[PDB]
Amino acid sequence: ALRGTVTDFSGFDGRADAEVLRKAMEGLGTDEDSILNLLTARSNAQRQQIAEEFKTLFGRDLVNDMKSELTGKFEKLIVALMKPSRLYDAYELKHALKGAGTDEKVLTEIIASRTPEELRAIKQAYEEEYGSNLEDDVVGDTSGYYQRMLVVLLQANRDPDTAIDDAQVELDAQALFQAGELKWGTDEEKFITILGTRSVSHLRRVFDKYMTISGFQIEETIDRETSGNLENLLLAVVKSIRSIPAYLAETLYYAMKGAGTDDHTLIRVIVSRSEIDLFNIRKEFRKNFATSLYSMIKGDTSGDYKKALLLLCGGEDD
């Protein structure tokens, strides 16, 4: 099934680890290698225990100390790595909504790729942490059908995968055909209801039937019928239905596409999926882009930041 690249470290000694981190920061200077070599070789749960022992032994906050010692991208990677797994997605969403503006590629990327079970956990954590309702903050920072689609997904009430009903597959495929290609204009409400609430296994069948009856892949029709945030979200949902690892592998690829690199996106994906499906993401990356994720990162990043990412990612050969 799904496989991550980071797992619990055998022979874990939180207190021992904490002292190593302390010695790497005490006195003038910072031993970045020691810190990165250790934190990327411990699971997220173990990092939290190290943070606890650190505070018990020295009465100091590990994260705050590292924010003082580290700088730049490397610092941001480490801070993201120390973020509790249960709160990371909520943290990112909160920071995509806060301030004047809103990073919609972040809202779209997370809300479309996370399962209903993950979204329920995210909604809870967000509320506890920031004292506000996630849905309400999303509604407040977005509008139109893009907003409605996001709200539909945030309900996390997608139908469960059951036995496939061929007639319902034909019905849904024809409904999409009629709502888009055969309509002057577009019936967005129809696309949202179907793509947002039908079961994954069901939609995979619908996608093939749609192709069969219309000659177009659902992705092409979406591009031909919609635009803006809505188009990006619909494409993300369709891609996620087909394969979450594939979608995220594509999200990463375009992050390091050409000039410069989208570091924020590079960090978020690697960190958030490290203990879930980053291994799968690697395989999908290699199979669709003729290169390994490792190499891509290897030539798109520099310094400690680079060394840290590579250890997390792994797979020098893929």
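Residue indices: 1-based, along the sequence shown.
Annotation for 38-46 versus 280-288: the higher mean temperature factor (C-alpha) is found in 280-288. Averaged over CA atoms, B-factors in the entry run higher in 249-257 than in the other of 249-257 and 59-67. You'll see in the entry that, of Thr162, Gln147, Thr108, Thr193, the Cα B factor peaks at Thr162. Among all modelled residues in this chain, the alpha-carbon of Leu230 has a temperature factor (C-alpha) in the lowest third. Among the modelled residues of the chain, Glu128 sits in the highest third by CA temperature factor in this PDB entry.
Residue-level temperature factors show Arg198 in the lowest third of its chain, judged at the C-alpha atom. Ranked against the other modelled residues of its chain, the C-alpha B-factor of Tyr91 as given in the entry falls in the middle third.
In the deposited entry, the Cα temperature factor of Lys98 places it in the highest third of its chain's modelled residues.
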